[PDB]
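The data below hold one chain only, encoded as C-alpha cells and taken in the form deposited in one PDB entry.
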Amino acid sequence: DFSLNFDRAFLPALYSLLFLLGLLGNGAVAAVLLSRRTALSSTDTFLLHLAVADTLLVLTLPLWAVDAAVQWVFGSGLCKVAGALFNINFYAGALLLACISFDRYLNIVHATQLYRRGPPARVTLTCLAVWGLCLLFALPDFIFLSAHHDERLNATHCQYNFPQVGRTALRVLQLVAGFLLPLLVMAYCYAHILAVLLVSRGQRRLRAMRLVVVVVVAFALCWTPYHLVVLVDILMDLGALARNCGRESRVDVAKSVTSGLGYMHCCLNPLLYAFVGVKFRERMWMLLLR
C-alpha cells in the first residue's frame, strides 16, 4: 500500500500547483500572441499552438489528481474524453517542439535560400498536419478507454482494456513518436544551428547558443526519466525481467514521479520558448500597458 499512499499524499498538491502555474503562464503566452493585430511569424504561430496544447494538457490534470486520490467518479464518458484530450495534446506538444526546431534550423542554417522581403510565410499547413496526425494517434484512446471497477482494490480508475500486445504496441508508439523522433529532429537541427553560430560574427550569438543548449537539455532531462522507466516496464512485461511486488511498487512510484517531472516541462514551456525572446517581452510590455 506504500505506492498508493505516496500517490495520495503527493499527486494532489503537485497537480494543483502545475494547474495554477500552467494556466497562468501558457494562458498569458496565448493572450499576448492573440493580442497581435498584424501578422504572426512562423515560430510565433507554432508557439501559439504549443501554448494551446499545454493549456489543455494542464487543464485535464485535476481530474487525474482526483483519480489518484480516491477514484474516478465521472463515468466512462469523461474517462474517454479526458484520455483523448491528454494524448492528443501530448503528441501535439512533442511534434510542435520538433516543428519549432525545424523552423529555426531552416531560418538560421539555410538563411540565404529562404529569404523573404517581410511577407507573412504562412505555416498553417504544418499545424493542421500535426493536429490531424495527433488525432489519428489518439484514436485508440477514443476506442478503448473505459472505467473498470477493480475487484482487487474496489477502486474505479481510467484505464485501457487493450490486450497485452496492444498495451506494448501503444507504449512503443509513445516512445517512438513522442520521444525518439522529436529528440532526433531537435538534436540534428540544434547541432547544425550551433555549427553555424560558432562560425558567425556578432554579439547576439552567445545568448542564442546558450538558449539552444538549455532548450535541448531541458527537453532531455524532463522526458528521458519517464521513457527510460517505460522501457524498463516493457522489458519486464516482455519477459526480460522477473516480477515481484517490491519491483511493482518501485515501478509505480517511479512512473508517478517521472510523469510529474514530464508535465513540469509543459509547465516550463513558457519560460523557455516564449519569455526569453526580446520580441515576446516587448509584446508583453505593450499588452500590459494596454
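By rigid core we mean the largest C-alpha set that fits within 1.5 Å across both forms. Residue indices: 1-based, along the sequence shown.
Beyond what is shown, the protein has a form deposited with a partner chain bound; the following relates to that form.
The closest non-hydrogen atom of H157 lies beyond 4.5 Å of the partner chain in the entry with it bound. Although the partner is absent here, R210 sits close enough that one of its heavy atoms falls within 4.5 Å of the partner chain in the entry with it bound. Only one segment in the set 167-175, 87-95, 210-218, 114-122 has any non-hydrogen atom within 4.5 angstroms of the partner chain in the entry with it bound, and it is 210-218.
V215 is among the residues whose C-alpha shifts by 2 Å or more between this form and the one not shown once the rigid core is aligned.
Relative to the superposed core, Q113 undergoes a Cα shift of 2 Å or more between this form and the one not shown. With a cut-off of 2 Å and the rigid core superposed, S146 has a Cα displacement that falls short of the cut-off between this form and the one not shown. Here's the thing about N269 and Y105: their CA atoms end up at least 3 Å farther apart in the entry with it bound than they are in this form. Whereas the shown form places them at one spacing, the Cα atoms of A274 and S101 lie at least 3 Å farther apart in the entry with it bound.
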